[PDB]
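Following: one structure in structure tokens, then a few remarks.
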Amino acid sequence: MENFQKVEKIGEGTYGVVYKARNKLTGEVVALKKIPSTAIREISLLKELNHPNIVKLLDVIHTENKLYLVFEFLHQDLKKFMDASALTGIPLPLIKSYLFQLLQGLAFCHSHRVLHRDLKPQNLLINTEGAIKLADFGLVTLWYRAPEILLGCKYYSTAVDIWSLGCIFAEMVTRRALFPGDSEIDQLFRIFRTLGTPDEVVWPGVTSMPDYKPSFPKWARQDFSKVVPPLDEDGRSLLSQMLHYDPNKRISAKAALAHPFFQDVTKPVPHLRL
Ligand SMILES: C[C@@]1(O)/C(=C2/C(=O)Nc3ccc(S(=O)(=O)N4CCC(O)CC4)cc32)Nc2ccccc21
Numbered sequence: 001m002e003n004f005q006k007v008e009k010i011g012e013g014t015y016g017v018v019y020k021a022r023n024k025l026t027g028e029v030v031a032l033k034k035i045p046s047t048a049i050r051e052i053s054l055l056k057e058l059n060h061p062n063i064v065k066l067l068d069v070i071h072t073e074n075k076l077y078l079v080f081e082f083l084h085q086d087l088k089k090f091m092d093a094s095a096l097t098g099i100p101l102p103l104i105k106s107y108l109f110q111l112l113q114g115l116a117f118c119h120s121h122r123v124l125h126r127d128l129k130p131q132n133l134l135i136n137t138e139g140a141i142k143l144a145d146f147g148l164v165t166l167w168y169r170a171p172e173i174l175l176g177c178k179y180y181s182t183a184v185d186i187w188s189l190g191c192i193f194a195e196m197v198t199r200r201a202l203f204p205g206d207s208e209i210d211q212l213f214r215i216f217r218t219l220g221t222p223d224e225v226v227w228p229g230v231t232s233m234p235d236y237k238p239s240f241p242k243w244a245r246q247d248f249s250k251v252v253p254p255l256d257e258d259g260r261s262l263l264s265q266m267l268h269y270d271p272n273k274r275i276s277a278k279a280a281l282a283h284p285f286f287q288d289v290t291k292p293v294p295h296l297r298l
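Read left to right, the sequence shown gives residues 1 to 35, 45 to 148, 164 to 298 (PDB author numbering).
Right, here's the structure in full:
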């Protein structure tokens, strides 16, 4: 801990306040987060989960009951990037690239049976080189929460990350959150008002979901042409497949990387204001 020099607070977090700090020894600029034997074993495992599209968990410093997560440092997050683009919007090639990289990150994690669980634009860090990385692998915002989690499912799968990335994908195209709920029922209902109240037809087993209510209003689905305009048919197809109620039928990241949409994928660089 005495190996670091906090240069300034750069954000916070459901766990802790993240600082920017240079390694007094190596000069290495990092993102210093200041946050249970299992909550140490688990977080140290991630240390071995290295992929280009996953922010690097350089180290973990549990000192004097104070936990510190020394992370690699990226200058900007997606939320502030999307904010800095609300007027023009992020170009489609950058949107495509990003989705593609995150999906490669997710594919890597998912292959290792590790889920993020809390995918948000603020956990997606970008750099001037054009990459995007999955920060803070999730150990107060429901906008991007998959419906199985809202319906009380306790053993939700990797498919939840996909739904979030779907919602995030939509938000980058639309410059507006897809399902901004202020409560869990409002979150669920907004999803309902768009994708149609789920039922045994489109989602076998939904009716047995812990928090499922036979009394849920019955909203009819709406076309994605109205959901994510002006996203082309390729993207809307991928989105709908990422936003499928039935988790089992929800497309995987691995499969998503092979969607015709990613045919013309490139690696454009953003124009960061640092
Ligand atoms: C997200 C971050 O705080 C940040 C971090 C970084 O470079 N590596 C990190 C690794 C993890 C997290 S976090 O996803 O654990 N976290 C804290 C910030 C919050 O808004 C979301 C959750 C923050 C950062 N750099 C910058 C720079 C400008 C905006 C936000 C940030």
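Yeah, the Cβ is synthetic: ideal placement off N, Cα and C, and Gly gets one too.
Below 8 Å, too few C-beta pairs join the segment 276 to 293 and the segment 205 to 214 to call them touching: fewer than three. Contact annotation, residue 226 with residue 269: C-beta distance approximately 6 Å; criterion of less than 8 Å satisfied. Residue pairing from DSSP places residue 23 in a beta bridge opposite 4. Around the Cβ of residue 200, a 10 Å sphere holds fewer than 16 other Cβ atoms; the residue is exposed. Between the segment 54 to 72 and the segment 114 to 122 there are three or more inter-stretch CB-CB distances shorter than 8 Å, so the stretches are counted as touching.
Restricting attention to 32, 73, 69, 30, the CA atom closest to the CA of residue 50 is found in 69. By the neighbour-count definition (other C-beta atoms within 10 Å, threshold 16), residue 33 is a buried residue. Judged by DSSP in its simplified three-state form, residue 31 adopts strand. Annotated three-state conformation of residue 197 is helix, per DSSP.
DSSP lists 34, 70 as the bridge partner or partners of residue 77. Annotated as proximal: residue 267 and residue 190, with beta-carbon spacing under 8 Å.
Residue 131 has its alpha-carbon roughly 8 Å from the corresponding atom of residue 89. The beta-bridge partner set that DSSP reports for residue 133 consists of 143.
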